[PDB]
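In this analysis, Cβ positions are derived from the backbone assuming ideal geometry, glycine residues included, and neighbour counts consider all displayed protein chains. FYI, it's all coordinate maths here, none of it is from the lab.
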Amino acid sequence: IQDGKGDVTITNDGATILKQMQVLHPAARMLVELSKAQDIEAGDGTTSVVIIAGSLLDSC
Amino acid sequence: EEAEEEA
Amino acid sequence: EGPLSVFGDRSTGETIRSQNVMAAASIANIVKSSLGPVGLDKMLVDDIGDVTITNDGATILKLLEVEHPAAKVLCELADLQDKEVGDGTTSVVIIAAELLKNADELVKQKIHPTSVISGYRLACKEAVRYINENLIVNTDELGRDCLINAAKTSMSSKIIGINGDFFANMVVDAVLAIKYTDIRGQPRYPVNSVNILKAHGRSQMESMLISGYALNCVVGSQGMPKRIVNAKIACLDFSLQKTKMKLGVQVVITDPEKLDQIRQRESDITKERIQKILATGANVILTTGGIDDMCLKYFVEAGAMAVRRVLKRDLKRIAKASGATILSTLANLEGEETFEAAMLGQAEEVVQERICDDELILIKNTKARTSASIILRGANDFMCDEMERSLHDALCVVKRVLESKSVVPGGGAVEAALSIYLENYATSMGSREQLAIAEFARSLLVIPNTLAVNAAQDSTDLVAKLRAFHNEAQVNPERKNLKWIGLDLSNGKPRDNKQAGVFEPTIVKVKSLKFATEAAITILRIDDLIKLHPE
Amino acid sequence: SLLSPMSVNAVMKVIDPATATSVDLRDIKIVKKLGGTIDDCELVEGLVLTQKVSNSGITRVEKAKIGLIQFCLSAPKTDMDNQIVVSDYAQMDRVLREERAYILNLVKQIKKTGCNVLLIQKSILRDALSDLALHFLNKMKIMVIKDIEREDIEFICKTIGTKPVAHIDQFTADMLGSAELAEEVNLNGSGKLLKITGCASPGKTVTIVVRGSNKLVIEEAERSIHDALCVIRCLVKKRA
Amino acid sequence: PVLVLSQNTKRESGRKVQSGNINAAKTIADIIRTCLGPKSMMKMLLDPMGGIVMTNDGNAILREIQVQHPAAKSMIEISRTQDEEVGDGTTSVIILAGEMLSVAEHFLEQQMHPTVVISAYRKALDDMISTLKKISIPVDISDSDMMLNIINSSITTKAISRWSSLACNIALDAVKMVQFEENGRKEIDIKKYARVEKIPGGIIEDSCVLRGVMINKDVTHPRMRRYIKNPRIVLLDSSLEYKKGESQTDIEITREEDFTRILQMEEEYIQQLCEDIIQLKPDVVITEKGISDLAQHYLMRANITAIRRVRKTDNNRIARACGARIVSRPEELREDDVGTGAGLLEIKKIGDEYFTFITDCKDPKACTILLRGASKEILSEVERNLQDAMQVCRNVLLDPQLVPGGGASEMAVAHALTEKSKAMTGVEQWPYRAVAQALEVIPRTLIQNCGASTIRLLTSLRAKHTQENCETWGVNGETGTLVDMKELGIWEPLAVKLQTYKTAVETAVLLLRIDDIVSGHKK
Ligand SMILES: Nc1ncnc2c1ncn2[C@@H]1O[C@H](COP(=O)(O)OP(=O)(O)O)[C@@H](O)[C@H]1O
Ligand SMILES: Nc1ncnc2c1ncn2[C@@H]1O[C@H](COP(=O)(O)OP(=O)(O)O)[C@@H](O)[C@H]1O
Ligand SMILES: Nc1ncnc2c1ncn2[C@@H]1O[C@H](COP(=O)(O)OP(=O)(O)O)[C@@H](O)[C@H]1O
Ligand SMILES: [Mg+2]
Ligand SMILES: [Mg+2]
Ligand SMILES: [Mg+2]
């Protein structure tokens, strides 16, 4: 990820990736909050939670 | 400086 | 395109991997043409016309401005190598770029990057372990010529190449004279404690080593003497201007008769301090702060030298070399202020000497310890700067060799032996890490190829000869001595490099391999890129 | 194979397994230091400081007595608007003599308790350590460390057992902490680092030094270690 | 959108870079090669500020030109390095460097690596130095006629050649009177104590050197004497006036008499200072700071002459000339700080302006050279020529060795290297001979500037040098013939030749090692 200022990050953490992006759709601004909540509660699984939520919303 | 010994 | 509104550009797939590999290859190709004794220099001009001439990889990469982070990684790699060791900042970049280039082909084949990474880690570990078999213990060799040969090999390919013996003798003398007596568990050799000065003028073979110290400063006033035979040195860390009351204090006068004595005391306090200092026989007074015109007269009449605006590091080195004690105030463990002849340095001579229309100060034969300085003469400023940069590498190399008594042959013998050994060792794994290990071994072979190419010779033939000799060494044990045949670039044929006198510290190879492998891994793990638009 | 035992040891050094129900991860501090490789990451059962010592000459002390200060070693200053008026030439010397004596008295009082290591917190309104005070402290052979942050005092006290002092009258030999070694190390080229090890009153704290040949690697390794710590914390919270 | 790696950086590499460097060096050499020898012509330069520089000096020519190619910058720098080191030979160095670098592309284009050429140059330089030391001649520094001959042969090329007898005497007297040895054994000839003053008008033959100093200053008050026979001089670094302190002091007065008493104490202080000065009974007071009206009144009552606001360097020169030393606090004034080595103090007018002369010193260690002439440009050129002569004299005094001029030394060194090269085998032989045969550009340029047949004269001179005892034969620059330098009388110091050769060879070595150029990286 390269920011607007010029800083560079290399990461595998799902919450970090989602925070470092700039998603614009309002429905996509709740997945980052969900990832942050999972990070606070458990500190792991920040990617699987988003995958599961996306799968359920797709199945709907 | 690396020289930071006795005094 | 479409979903995932990000307001930026994202790239995924083989595109980003190829782009990263190309960036690394371009960075390597910028500095590939300055490797080995037959390497040439580079000239750099900024936007205002200032000119720099150099062939030091770290300096070049620091002066260049780069926009690709994959290239900035290599730039910081070179900087880290320079900080950690001080020699070999051009070989590690080439090795890392070649490692990336060779791993990218295996990634283009359906090989997962994790297997490549594990193979690279295993190969690096095995290579580091094996390098501790090609070692040479410097005590076995005669110490002086071992050090001289290491220094000469370090200074080859620089502006001071032909004067290798002269400058190597100077460097070894300075390093030995600057040796420090520690707890005696290990002696220490603190380089950069030697002052290096530049002054254009006569030919470089008139650069001189000073047994003492050199100051880029001049005497305070023209009425003072400019040579002291037996020097008593007082180092001070405060100004000698007329006194001034602090911010909290103010003067209010209601009886006019009391103004004159206050105005007189203002100037009398500093005179009393100066008389206290001079009563002990001090001949030389060095001060970081300023000295007032009113206060220079006392030194002028007393017949003593005063130097102002001396740098703090210079004062520290002078004080420790001459045995003086640095004072930030004259107060003692009681109320009164005293200066004791016990805290004075002693020097065998202090002179002011003229060098090419300017002046400087020489302090000779300090008695508390030994100190050294170097004055470099050259055609002009560019030449002097390049000479200083080339001398720093030799100083660092000599320090490393003295600290760790182990040396290693140069010229590509190490790379050839490692390639042969890792190629043989790759079979015993019998897995997909075998391909990665073989790729590591083959990518280790770029140094002799670059040397031969820069020497305008037959790289393929020379490298084939080296591989054949090292294979015949790794088999048939009674011919182990063939593991030291390096490369001769002035003739185009192999030669026993340990006998010839081409040596390097082993820390250079070990650290270069470790850092190159780490950089290769950290760039090879990238899968996709997202760049955000500036606000 | 090197980072897992570090994480397990770090978590087990902070909690009491008999009755621990949750883990405070602010009791474990991660320090990032460039240079070297990840292989050089280490666990410190003591105190690590990133700033340098102001004392020129002293860098290693054995059997160290440590004290923490929350007042200033400088010229006297009242919180109201104060100012000294001079109307005769004797007062000019008298002021300097009195200030010198005032500083020397505090230095002697500090020396009376046997203190070897002094820590001073950050101050922004008045100078917390003057050149005269530093000169006297060096003459008394005491190592001085300055500009301790105002928000890690709790961690420092928890680690080394010291007690903050805000008045010289309370500087007593019972308010000091004892340590076995307190010294600064110089890494190859990255800089200096203060280490205090062998504390007589070991608290439930620990620190981790993370190395690396690149900043990207250092932050990624830090995040990985945080992930491991969080997993162990979850396993403590629920034994399943 | 634009993917870049190194933004707007221009890179060039290959044989193009080497050819460009050599061409730039040759162009720099070609600009100046008409200004060598007694038949040199002047150049007038127009500077950005609006002045004019009519000159013949190589460094003066080169430092007024702005260039873009870095090789040109390197040559411009080596010119001023030579000028600072020795002060003479700033054209021969440029010409020699140009030739030494021009004779290398022949071997570069024949696929020879530059390192071999560098090694050959560094090998030849030592044998050049050895031959130069071999053919040296000693000189006795007590032979004033020999010293004048050396200085005359040095200045026979510039515009003062019409007044060489005057110029040589001026330079010799100045250098001899400035020479100084002091505490310890530090011998020095610092030329910041030999001031030059240009005053337009009169005639050039009125130029002289004074036993003392001259300043552009006048008496503070008209009733002071303007002519003193045997004065006693005191120098001060402080101001004879009442000034505020610096301790942030205030005065609070609530009575009638305090204001007048405060106003009177200042006059009392001034009177005390003036009396303290008067106790030494001097005749002249010089100070770098101001002097108050009441102080002037008291000094005139005591029959003293005061001068205000002199520069620090002028004060130092006056101190060194009259034997006095500067004192900042009059209270600490002794009989040692009073200088009595003067012999006349005068104040004259030179064209509606006042000047102050302190002359007839017993033994001065500082001097002022006074130049008159047509105008500022002529006086500036005379000043530059005098600087050249004085630095040549100082070099001769610091190293008493001489070598023949006119190209005799160049041809002798070339012959020695050519003879020595036939004992060598390998590829280095060709560059080793190339440098030696490249040393002939100096006599060739001398012949060209004289206006004769270079092709015939150069081979005649080479044949003459091929004999045994002919190391002093050279070219006569005024006619165009071959003459033995012994009878002609052209000799130059050894230091100048050594510096010239070393600088030229090292510049060539530096410029032969470049391979690529990177431009436009914005710090
Ligand atoms: N060695 C392994 N073999 C197979 N599955 C594994 C292995 N290690 C971890 N996993 C599984 O992979 C997932 C871990 O993915 P991870 O990148 O950690 O995501 P997150 O950060 O969301 O936990 C979990 O399903 C975990 O059980
Ligand atoms: N005399 C020599 N013969 C062969 N190889 C040499 C010789 N001297 C140096 N080398 C090689 O030169 C290389 C060093 O490249 P260089 O640019 O000078 O330094 P670095 O890249 O290490 O900063 C090493 O591979 C070393 O073995
Ligand atoms: N009368 C003369 N006859 C022949 N050659 C001379 C004569 N005077 C000077 N030269 C030569 O002219 C050369 C260059 O001197 P000049 O033209 O003043 O420039 P520079 O002194 O800066 O080299 C000297 O090497 C000297 O040998
Ligand atoms: Mg995980
Ligand atoms: Mg090197
Ligand atoms: Mg001349």
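Let me make sure I get this right: for region D:46-203, a, b and c are the square roots of the gyration tensor eigenvalues over alpha carbons, sorted descending. Under 1.5 in a/c it's rounded, otherwise prolate if a/b > b/c, else oblate. Which is it? Judged from the Cα gyration tensor, region D:46-203 comes out prolate (a/c at least 1.5, a/b above b/c). List residues of region E:234-258, by number, whose backbone nitrogen lies under 14 Å from a label position 7 Å along Cα→C-beta of residue E:302. What the label zone holds, given the 14 Å backbone N cut-off, is E:234-236, E:240-241. With respect to the cross-link table entries C:232/E:365; D:33/D:204; C:62/E:73; D:192/D:238, which display a Cα-Cα separation exceeding 32 Å? Pairs exceeding the cut-off: D:192/D:238. Checking the cross-link pairs C:152/C:399; C:32/C:83; E:39/E:198; C:244/E:312; C:297/C:367 against a 18 Å limit on the alpha carbon distance flags C:32/C:83; E:39/E:198; C:244/E:312; C:297/C:367 as lying beyond it.
Assuming a ≥ b ≥ c are the square roots of the Cα gyration tensor eigenvalues, decide whether region C:35-145 counts as rounded (a/c under 1.5), prolate (otherwise, with a/b larger than b/c) or oblate. Because a/c hits 1.5 or more and a/b fails to exceed b/c, region C:35-145 counts as oblate. Which of the trypsin sites (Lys or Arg not before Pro) found in region C:337-397 are loop residues per DSSP with 13 or fewer other Cβ atoms within 10 Å of their Cβ? The qualifying sites are C:367.
Cross-link pairs exceeding 25 Å between alpha carbons, from the set C:158/E:134; C:316/D:122; E:217/E:281; C:42/C:483: C:158/E:134; C:316/D:122; C:42/C:483.
Under the simplified labelling scheme, the residue E:166-residue E:226 pair shows an inter-label distance of 2.7 nm, with each label point 7 Å from Cα along Cα→Cβ.
Normalised by the number of residues in chain C, the mean separation of alpha-carbon contacts (under 8 Å, six or more apart) gives a relative contact order of 25 percent. Between the helical axis of E:114-134 and the longest alpha-carbon principal axis of chain E there is an angle of about 70 degrees.
For chain E, what does the alpha-carbon gyration tensor say about shape, rounded, prolate or oblate, given a ≥ b ≥ c as the root eigenvalues, a/c under 1.5 as rounded, and a/b over b/c as prolate? Prolate shape, in that a/c is at least 1.5 and a/b is the bigger ratio. A Förster radius of 30 Å, combined with the Cβ-Cβ distance separating residue E:422 from residue E:19, puts the computed FRET efficiency at roughly 0.40.
For residue D:153 and residue C:449, a Förster radius of 51 Å and the Cβ-Cβ distance give a FRET efficiency of 0.30, rounded to the nearest 0.05. In chain D, the longest principal axis of the Cα atoms and the axis of helix D:3-12 are about 70 degrees apart.
Among E:266, C:266, the ranking by other beta carbons within 10 Å of each residue's beta carbon, starting with the fewest, stands as E:266, C:266. Taking label positions 7 Å along the Cα-Cβ direction at both residue E:377 and residue D:1, the computed distance is 8.7 nm, reported to one decimal. In vacuum, with every alpha carbon of region D:28-91 counted as one equal point scatterer, what does the Debye formula give for log10 I(q)/I(0) at q = 0.29 Å⁻¹? Two decimals, please. For the requested q values the scattering log ratios are -1.41. Across chain E, Cα pairs under 8 Å and at least six residues apart give a relative contact order of 26 percent. Placing a label point 7 Å from the Cα of residue E:309 along the Cα-to-Cβ direction, the residues of region E:262-296 whose backbone N falls under 17 Å from that point are E:286-296. Peptide E:322-330 has a mean of 3 when you count, residue by residue, the C-beta atoms of other protein chains within 10 Å of its C-beta.
Fully extending the segment from residue D:236 to residue D:113, taken as 0.36 nm per residue of separation minus the present Cα-Cα distance, adds 39.9 nm. Distance between the 7 Å Cα→Cβ label points at residue C:261 and residue C:333: 3.6 nm. Put the Cα centre of region C:411-480 next to the Cα centre of region D:164-240 and the gap is 46 Å. Can you tell me the 0 to 90 degree angle between the C-alpha axis of helix D:215-237 and the longest principal axis of chain D, rounded to 10? Value to nearest ten degrees: 70. Take every Cα pair under 8 Å whose residues are at least 6 apart in sequence, average their separation, divide by the length of region D:46-203, and the relative contact order is 40 percent.
What FRET efficiency, computed as 1/(1 + (r/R0)^6) with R0 = 22 Å and r the Cβ-Cβ distance, is obtained for residue D:85 and residue D:127, rounded to the nearest 0.05? That pair, residue D:85 with residue D:127, gives E of 0.45. At full extension, residue C:526 and residue C:239 could sit 97.5 nm farther apart than now, given 0.36 nm per residue minus the alpha carbon distance. Report note on the peptides C:66-72, D:50-56, C:132-138, E:388-394: ranked by the mean count of other C-beta atoms within 10 Å, highest first, their order is E:388-394, C:66-72, D:50-56, C:132-138. Counting only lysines at least 8 places from residue D:111 when in the same chain, those with an alpha carbon closer than 17 Å to its own are D:63, D:65, D:139, D:141. Note on region C:297-411: Rg/Rh from Cα positions, Kirkwood definition for Rh, rounded to two decimals, is 1.09. With the convex hull drawn around the C-alpha atoms of the protein assembly as shown, the volume per residue stands at 250 Å³.
Taking the Cα of residue E:42, stepping 7 Å toward and past its beta carbon, and measuring to each backbone N in region E:373-389: which are under 12 Å? Output list for this probe position: E:374-382.
The GluC sites (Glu not before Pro) of region E:1-104 meeting both criteria, a DSSP state outside H, G, I, E and B (loop) and at most 16 other C-beta atoms within 10 angstrom of the site's C-beta, are E:64.
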